[PDB]
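First, one chain by itself: the form deposited in one PDB entry, in structure tokens.
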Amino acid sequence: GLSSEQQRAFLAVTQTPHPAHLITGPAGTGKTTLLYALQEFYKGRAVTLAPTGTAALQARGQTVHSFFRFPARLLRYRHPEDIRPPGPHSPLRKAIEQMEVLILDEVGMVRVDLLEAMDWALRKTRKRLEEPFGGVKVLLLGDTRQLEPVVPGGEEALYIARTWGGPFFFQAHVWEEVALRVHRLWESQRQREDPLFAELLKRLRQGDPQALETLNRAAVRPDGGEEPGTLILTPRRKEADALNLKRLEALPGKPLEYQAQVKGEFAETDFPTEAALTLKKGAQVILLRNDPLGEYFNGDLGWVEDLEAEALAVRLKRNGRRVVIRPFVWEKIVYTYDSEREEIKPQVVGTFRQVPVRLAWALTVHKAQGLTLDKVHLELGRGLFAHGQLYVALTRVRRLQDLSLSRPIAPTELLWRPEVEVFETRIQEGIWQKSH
């Protein structure tokens, strides 16, 4: 059963007709477990989404993009080219028209344009433009001290800056129309058997520099990444590639390389997986795209069973089933202000065809937000770059003995967004309503 404070938030959300709620609290407080209780209460009437594939699977839902069929690009504000309602007889329209509750987990990683598109898509599909989210009761769960939304430095950043003032979900203009009720969780459930670890992460969350010095003196163990049962977390994908290639060297399978087809402008830093992707049987991998048939999803973990020319078999950890993987296509979209109109336009400039597979003995910290891991080693690589990155990497485990780091961390590496300090301040009053 749930804890005292989780059940209090359960009743606060289900016993009132208010249409917008946020359940928020530190890492491991039980938000997604409370989400489980909400799914069973609501059962068929609620849709569960999340921004990332790993979080969606952790929430037992799907990604926001794949539910609304949003394209993987900047969703311009109420733009018909970007937010397209489903057809008159489509299965998705029936789902949107009948839906009564939308549950959105890991809302801290939902960018502001994504949240605004969900609002507008629901209003347009349900034919209710006057009501926020088209009259659906939205239940948001997440932590703004965890990872900030991903914002590439194109004209996207300028456009998000001009339209909303920043990238976070609480900067959406829909909060000018409806008040967001905030309910808070405080007790760590993940670190419940290790109360001094839980208190260390609390002080780390407040930015305590003695908690960092305590962490460094206790958790810095360079060889910790080679111990069995250990998931390695890195800030960057290229850093995970070099660590994965080391564990792959030790596998006795005969290797096979999967050669990507690249066309047009598509630079290597933008590749979702290596262009010369080499794999062996038994290798640990994560899948990067959703199956059109529904057998696997972006974020599924599993191991390689068979490797053939343009097809391989993967044994999924999620359900112990065997799925066959084929090449997918990724587009590279860029935005130009050309030339002196008052708008920017997206354009496809390159494509990347490759198996949607990547080795997963080491993952990015982004792909780990939401997970409880048995043992983690943080490889700092060339350093942290994202608000909340460090805190997510440290809060995945239940006990301090389950956590190691490749090097000590200086306090000058801690990042803080002032947008999150005003938000965290105002929502202590139990309410968030956006001004102006």
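All residue numbers refer to positions in the sequence shown, first residue = 1.
Omitted from view is the form deposited in another entry, to which the following refers.
Student: Of the options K246, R69, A95, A72, which one coincides with the hinge of the rigid rotation between the shown form and the other one?
Tutor: So the residue at the hinge between the shown form and the other one must be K246.
Student: Work out the direction of the Cα-Cα change for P152 and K263 in that other deposited form: closer or farther than in this form? It's 3 angstroms or more.
Tutor: Relative to the shown form, the pair is farther apart.
Student: Kindly indicate if, in that other deposited form, the C-alpha atoms of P327 and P152 are closer or farther apart than in the structure shown, bearing in mind the change is 3 Å or more.
Tutor: The answer is farther, because the C-alphas of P327 and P152 separate from each other in that other deposited form by 3 Å or more.
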